[PDB]
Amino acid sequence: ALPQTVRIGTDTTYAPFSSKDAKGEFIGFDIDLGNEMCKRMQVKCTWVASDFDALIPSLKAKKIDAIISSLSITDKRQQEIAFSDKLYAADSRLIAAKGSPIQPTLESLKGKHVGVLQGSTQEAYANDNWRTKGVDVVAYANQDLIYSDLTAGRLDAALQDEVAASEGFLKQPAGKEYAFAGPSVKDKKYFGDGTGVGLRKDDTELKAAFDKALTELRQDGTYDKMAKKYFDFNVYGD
């Protein structure tokens, strides 16, 4: 009893995973994986754009059926929703101006302005560890606003998923005077283990379907043909 139309929510401001091209078409590795999986599940899928913090609200409100939006599988989100198996890995890393002395430490960030996406694992992390100790953590509705405020000099640093910062901003004309500041921030409690399709706990059949289609496209070389369109490194991880 899979639905005949599966409505997938995504926040289209996170290139290379989910964004809009020049005519408003949804494009990116998340879109490609979702379309390919829908194909193999034999269901129709509609893509719905939403701000990132409304996506899990909308899933439990039954406005959408699935989330494919670089959604990290974390212990916390698992108490509310279910996930497919890992779609790819995602570590977090800071970016700041090239030649910034900044490092992901409280010592370095006290009194700095740090942007984080509202609702992400990075907002949770920075709120707890940095906002409480006086770092000025600013939560934004979408990641594009973050990159603009950074280039505008309103933010001193931004914390987000490393591949999205790299391919989505640092390798773009706008990110040439910026760079990663320090190494990847690793915290198992906060950042979870890779990303996955987010689903209602009770939609067990839909979870089995996405997982099966995912095993199949990985098994026949499609995942690697698809990822090579975006990445020259092993995006899936372990």
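The first residue of the shown sequence is 1; numbering continues from there.
Comparing the deposited coordinates for 221 to 229 and 8 to 16, the stretch with the larger average C-alpha B-factor is 221 to 229. Comparing the deposited coordinates for 159 to 167 and 110 to 118, the stretch with the larger average C-alpha B-factor is 110 to 118. Of the candidates 135, 152, 124, 139, it is 152 whose Cα B-factor is highest according to the PDB record. Listed residues 77, 93, 86, 98 were ranked by CA B-factor as deposited; 98 comes out on top.
In this PDB entry, the Cα temperature factor of residue 30 sits in the bottom third of its chain's modelled residues, the lowest group. Annotation for residue 105: CA B-factor lies in the highest third of the chain's modelled residues.
Split the chain's modelled residues into thirds by C-alpha temperature factor. Residue 198 is in the lowest one. Ranked by C-alpha B-factor against the other modelled residues of its chain, residue 70 falls in the lowest third. Annotation for residue 57: C-alpha temperature factor in the lowest third relative to the rest of the modelled chain, per the entry.
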